[PDB]
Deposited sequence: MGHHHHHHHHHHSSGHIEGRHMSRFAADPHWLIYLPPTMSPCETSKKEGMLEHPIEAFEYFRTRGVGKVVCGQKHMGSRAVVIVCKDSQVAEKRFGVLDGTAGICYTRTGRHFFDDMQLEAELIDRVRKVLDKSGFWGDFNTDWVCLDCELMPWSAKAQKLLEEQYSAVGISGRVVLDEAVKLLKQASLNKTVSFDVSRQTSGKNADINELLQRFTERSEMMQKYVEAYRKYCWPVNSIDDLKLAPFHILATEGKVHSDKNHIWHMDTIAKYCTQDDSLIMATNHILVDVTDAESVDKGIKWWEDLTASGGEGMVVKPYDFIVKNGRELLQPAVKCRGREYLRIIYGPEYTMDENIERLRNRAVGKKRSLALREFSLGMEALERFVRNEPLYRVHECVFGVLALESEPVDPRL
């Protein structure tokens, strides 16, 4: 809401993800071949493909009880867990709804004997939370009184007038127009998301209406599980989390040998099936959580979105020409380096927290991710 969650919970923030390079196939922006190729040509023989759920990114921390939260995290709140977003805010404004979700996850972990097997009284999870409309967003095209765009036009006029006043003085034109663009583009971009996700949204009237799909066991007491491969993650999660309660989802995923023509072809067909109706697509990850070709760090994940979906996001009547394709590949380049830095910051933050370092040291890294996500990037990516 107006405020972040208690900073004591914020031990981690997920990194941005890179798309694949522009496909050479006609009418295609992205295609699995580019994703698999990136890994094949960098020494990775096996990758794991996960189905994109089409919800929102959520970090979920669960403690056995309030006593654990207070002692371990210094949370003086009375809470025994949290489900927070990407900017460190609570996913829900209803703390009761959040607590129910946490309780549901706790019960599942009780029955599966997770605590005992992991020798921990808390867990941090990287998740997707569905449905997409369950989060808060919100709109100037259906105003209550005066039309949104008229009010915008008028407010913009006064902005321009105010510019001519001498307060701060440096001689370049008013970037008010560049600024009105970032605003309308944001709006037109949001309109597109609504259209792409509308089919995958349903009202939530209770916790029963939610779906949580965890894909990472980030950390438990005394260990960050960045040393475990995604198959371990997928199945451990399925074993401890998905058996008892339909609230928690397993993630449809496949293994692909990026050197095997047959395995790759099964991967492509798998992806084609996911995105046939406009599904978002898949995330392609190296078999291992962390891989290094030479000392070059490799993308921990590459997203590969469906034709129908990208059609909506980019606009149906949208064409890519040379130079634009060239610009897209450059931008993909920026996103890559950015993803790596954020990825590492988030890993170090968890590591520092696991080693019981001062909270401000953990926040050095957690906040760094936040700062990096402030930089302007192409939203369609």
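According to the record, the deposited residues with no C-alpha atom in the structure span 1-22, 161-163, 195-201.
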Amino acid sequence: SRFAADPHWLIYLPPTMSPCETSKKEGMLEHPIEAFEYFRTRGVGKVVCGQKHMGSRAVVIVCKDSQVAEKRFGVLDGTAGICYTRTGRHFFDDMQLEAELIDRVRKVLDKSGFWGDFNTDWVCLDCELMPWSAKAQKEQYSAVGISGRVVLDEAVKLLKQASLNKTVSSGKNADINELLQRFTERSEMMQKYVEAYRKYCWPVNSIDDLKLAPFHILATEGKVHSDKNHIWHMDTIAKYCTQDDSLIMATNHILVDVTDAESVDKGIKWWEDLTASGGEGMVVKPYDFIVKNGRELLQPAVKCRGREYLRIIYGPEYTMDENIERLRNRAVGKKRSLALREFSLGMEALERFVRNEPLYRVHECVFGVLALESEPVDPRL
From here on, numbers count along this sequence of modelled residues.
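Higher mean CA temperature factor, per the PDB entry, when comparing 296-304 with 181-189: 181-189. Between 308-316 and 39-47, it is 308-316 that carries the larger average Cα temperature factor according to the deposited entry. The residue among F215, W122, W202, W270 whose C-alpha atom has the highest B-factor in the PDB entry is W202. In the PDB entry, the Cα temperature factor peaks, among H90, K135, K160, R106, at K135.
The entry lists a Cα temperature factor for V354 that places it in the middle third of the chain's modelled residues. Among all modelled residues in this chain, the alpha-carbon of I33 has a temperature factor (C-alpha) in the lowest third.
Ranked by C-alpha B-factor against the other modelled residues of its chain, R86 falls in the middle third. Per-chain ranking of the deposited C-alpha B factor places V332 in the middle third. Among all modelled residues in this chain, the alpha-carbon of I176 has a temperature factor (C-alpha) in the highest third.
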